[PDB]
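The chain that follows stands alone, in the form deposited in one PDB entry, written as structure tokens.
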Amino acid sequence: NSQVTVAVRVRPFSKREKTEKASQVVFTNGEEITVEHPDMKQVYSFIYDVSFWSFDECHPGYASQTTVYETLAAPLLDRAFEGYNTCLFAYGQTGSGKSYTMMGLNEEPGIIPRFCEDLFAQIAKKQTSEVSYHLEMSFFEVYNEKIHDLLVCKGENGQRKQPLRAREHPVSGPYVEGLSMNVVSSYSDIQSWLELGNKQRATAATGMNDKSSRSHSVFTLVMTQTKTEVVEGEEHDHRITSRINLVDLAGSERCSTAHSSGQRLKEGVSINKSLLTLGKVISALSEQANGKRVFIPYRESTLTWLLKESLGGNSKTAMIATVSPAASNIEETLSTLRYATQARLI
């Protein structure tokens, strides 16, 4: 009953690497993405529900930010007004195109802006006084299986990361106890709040990059829809709520190669264990789509537990994998593609 949609995007060569003469490794024949290197006798193929070829502007299948939205994220706002919940995952590795496909640039905007603007500018054509709309917004992170609010200011003292608790409400579903939920009227408010949040998000320096994310960041939008129908009296007799989760995940971080010790290793293991649970849950939702009695392991990791009511039932789930085409990044791209395959193995 629930439909998972995996989409995979390839970035184009950097300016730093178009001059350094990196060797292209990922190709496509339109449908399937193939990975080849001259050294190997073997070439691996990957067929996905959607491939967004962004390598060469002169392609007959180029995928700009106006296409990755219209093909993937736009059918998720079309479903939120029906009164059902949505999830959108962003997986990759540092240098893949995750923060460019999600948020974007000053004049080349990703999914969050093209989604929020298409939300607020799509209810202002059906905002009567009979039907109304209220939007609230939360933004938290999972770091070592511990929830943290990012929109709360620190002070002048020691550790100011206050851990919160995930409880299970009997009727609605799981929720965090003590999370700042803020009300929003425009896109600019979301922009200010997110800009305030991504400076508190956990980041450490590793061999891959100066600033690698070490936490699963979760951005929520709760939408209420109050309708007034005549039941012979006063009319307030309707409200259906819809939840929109957009989540930026962390990378796998092979701890074999990066000789990690201490908190990084710790962090690494945590992220590796969450990605293992998430993958399993995503692959247990696909079996239901075909049809089979199956059990979803939601209470194995906190992220899959907070989003139980946005992953199963009448809910739509999207997943954008990002991969680099360079030969220096070939064990990371392969791991990304192998992780995306098990999601959709229909």
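For every residue, the number given is its place in the sequence shown, counted from 1. Here the rigid core means the biggest group of C-alpha atoms that line up within 1.5 Å when the two forms are laid on top of each other.
The same protein has a further form, the form deposited in another entry, not shown here; the description that follows concerns it.
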Classify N290 as shifted (yes) or not shifted (no) between the shown form and the other one, where shifted means its C-alpha moves by 2 Å or more with the rigid core superposed.
yes
Using the rigid core as the reference frame, would you say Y175 shifts its C-alpha by 2 Å or more between the shown form and the other one?
yes
Answer yes if the CA of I111 moves 2 Å or more between the shown form and the other one after aligning the rigid core, and no otherwise.
no
Since the Cα separation of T94 and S260 moves by 3 Å or more in the other form, tell me which way: closer or farther than here.
closer
Flagged pair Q288/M223: C-alpha distance shifts by 3 angstroms or more in the other form. Which direction, closer or farther?
farther
